[PDB]
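Chemist: Below are the structure tokens for one structure; questions will follow.
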Amino acid sequence: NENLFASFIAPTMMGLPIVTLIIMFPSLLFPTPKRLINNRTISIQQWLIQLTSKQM
Amino acid sequence: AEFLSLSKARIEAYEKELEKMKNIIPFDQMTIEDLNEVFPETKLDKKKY
């Protein structure tokens with residue numbers, strides 16, 4: 001009888017706030033450049049696609 | 001002399017092509033359309049790989 005765990009009883013809530021903002025938001029994390037050489041933060045997004053476009 | 005007649009313009013057109021080829025390379029970070037002359041683009045579903 002050394003280490004007694006505890007618990008807390010509380011409702012676990014998957015509520016539903018305003019969704020159509022939250023859906024659009026991980027689009028603006030990815031930009032798209034109209035340039036030949038890019039700016040070393042799109043350039044590791046652009047490489048990550050050219051891997052898994054070569055497996056599907 | 002038809003080779004000296006016809007290919008003389010083919011020499012100068014190739015000589016003028018060496019002038020514009022110097023123009024295109026430019027700065028390292030130059031353009032996404034000026035590099036779209038030598039390296040090609042095509043219509044839908046050309047590049048297989």
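Chemist: Taking GluC sites (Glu not before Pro) that fall in a DSSP loop and have at most 13 other Cβ atoms within 10 Å as cut points, what is the longest piece of chain B between them? Each step should come with its number before you reach the end.
Modeler: Working: sites that count: B:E33, B:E37, B:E41.
Segment B:1-32 is the longest.
Chemist: Expressed as an acute angle from 0 to 90° and rounded to the nearest 10, what is the orientation of the C-alpha long axis of helix B:2-24 relative to the principal long axis of chain B?
Modeler: 30
Chemist: Taking neighbour counts of Cβ atoms within 10 Å as a proxy for exposure, in what order, fewest first, do A:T32, A:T12 appear? Provide the component values of the computation, followed by the final result.
Modeler: Details: A:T32 8, A:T12 4.
Starting with the residue having the fewest Cβ neighbours, the order is A:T12, A:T32.
Chemist: Students often get this wrong, so check it: of B:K20/B:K46; B:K8/B:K43; A:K54/B:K43; B:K20/B:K47; A:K34/B:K48, which have C-alpha atoms separated by over 30 Å? List each step's numbers first, then the result.
Modeler: Numbers: B:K20/B:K46 28 Å; B:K8/B:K43 35 Å; A:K54/B:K43 21 Å; B:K20/B:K47 27 Å; A:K34/B:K48 24 Å.
The pairs that break the limit, which is 30 Å between Cα atoms, are B:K8/B:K43.
Chemist: Averaged across A:34-41, how many Cβ atoms of other chains sit within 10 Å of each residue's Cβ atom?
Modeler: Numbers: counts 3, 4, 10, 6, 2, 1, 0, 0.
Per residue, the number of nearby Cβ atoms from other chains is 3 on average.
Chemist: Now for a different question. Under Stokes-Einstein, with the Kirkwood radius over Cα pairs standing in for Rh, what whole-number D in µm²/s applies to chain A at 25 °C and 0.890 mPa s? Please list the in-between numbers first.
Modeler: Details: Rh = 16.5 Å.
Rounded, D is 149 µm²/s.
Chemist: Tell me the volume per residue, in Å³, of the convex hull enclosing the alpha carbons of the protein assembly as shown.
Modeler: Roughly 276 Å³ of hull volume per residue.
Chemist: Quick one: what Rg and Dmax do you get for chain B from the alpha carbons, in Å?
Modeler: Radius of gyration, then largest Cα-Cα span, for chain B: 16.3, 47 Å.
Chemist: Still on this model: Using only Cα atoms and rounding to the nearest 10 degrees, what angle (0 to 90) does helix A:43-52 make with the longest principal axis of chain A?
Modeler: Relative to chain A, helix A:43-52 is tipped by roughly 80 degrees.
Chemist: In nm, to one decimal, how far is the A:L51 label point from the A:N39 one, both placed 7 Å along Cα→Cβ?
Modeler: Inter-label distance under the simple model: 2.5 nm.
Chemist: Select from chain A those chymotrypsin sites (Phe, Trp or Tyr not before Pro) which occupy a DSSP coil region and have at most 14 other Cβ atoms within 10 Å, ordered by residue number.
Modeler: Listed in order of number, the matching sites are A:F5, A:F8.
Cβ: placed from backbone, ideal geometry, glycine included. Neighbour counts: every protein chain shown. A short reminder: the numbers here are calculations on the coordinates, not readings from a lab.
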